[PDB]
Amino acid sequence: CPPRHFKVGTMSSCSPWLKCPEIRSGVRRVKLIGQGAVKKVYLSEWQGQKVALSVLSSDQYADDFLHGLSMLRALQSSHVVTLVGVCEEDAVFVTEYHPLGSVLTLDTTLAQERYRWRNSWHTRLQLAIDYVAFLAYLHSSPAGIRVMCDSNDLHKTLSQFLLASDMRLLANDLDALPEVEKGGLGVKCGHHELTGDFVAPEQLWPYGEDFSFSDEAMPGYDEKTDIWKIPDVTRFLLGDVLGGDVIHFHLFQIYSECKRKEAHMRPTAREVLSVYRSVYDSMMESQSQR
């Protein structure tokens, strides 16, 4: 489609984005398909087409919603969910409906043996490629370097991605996308203290027991925090599929670079993605001659 047109479902042609008037009328609410702190998502109908309708849950988080919509329009690409309509005045927008839900429910989807054949390594590794391909485009976005902040644990990280009906990974929940400027200082992912090993080590309070947490005193980090969580996401996406034991071997060294304690030594998302594509191709040639 042209830049701001869309063709979803059984559409024969692309339509320009729906604006506030047609959304209030032509978009009818059906079934809630997703909750969240920032949003409520309803499966909906617009002109015989199934669609996704995201509303602002609580007025408390109006700013997060509007910027997530601001970034959603800014980063419409092959790596992000397809936008359908925008009406920020009503704090609401419309995107393409993906019936497989989030990639959080991946193993349940591949359990359905209408999707058993796709429970292969070339599908799961492609999803990981799409994941790193998104992160590569994120850190080099037209809106400057951006950081996927809403990713403190593994499951919340997966909840921000969708599974298109052809086993492709798409980003969706872009409410928290700060920009890393080339000036310095960096960014922070929230106004409260983060903990755990799933977040990057620089995302932790570095002062210990004597100094209690304080938002102004947190130094600040960059996009390498996304590199940090790539193996844990990659480990989930491959699961234990036939062949993934060989793939993790090939990716061990690039796994070990993403998990470096010093962030400036971690590989860029384009460095990670290139290894992922080359391993995919190598095992595609290894399978061919058998």
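Start at 1 with the first residue shown and count on from there.
Two stretches are in play, 93 to 101 and 114 to 122, and the higher mean C-alpha B-factor belongs to 114 to 122. Stretches compared: 63 to 71, 222 to 230. Higher mean C-alpha B-factor in the entry: 63 to 71.
Ranking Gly183, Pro178, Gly85, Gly144 by the C-alpha B-factor listed in the PDB entry places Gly183 at the top. When the C-alpha B-factors of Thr268, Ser278, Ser15, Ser25 are ranked from the entry, the top spot goes to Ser25.
Annotation for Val241: CA B-factor lies in the highest third of the chain's modelled residues. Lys188: CA B factor lies in the lowest third for its chain, per the PDB record. Among all modelled residues in its chain, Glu209 ranks in the highest third by Cα B-factor.
Sorting the modelled residues of the chain by their CA temperature factor places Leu273 in the lowest third. In this PDB entry, the Cα temperature factor of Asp153 sits in the middle third of its chain's modelled residues.
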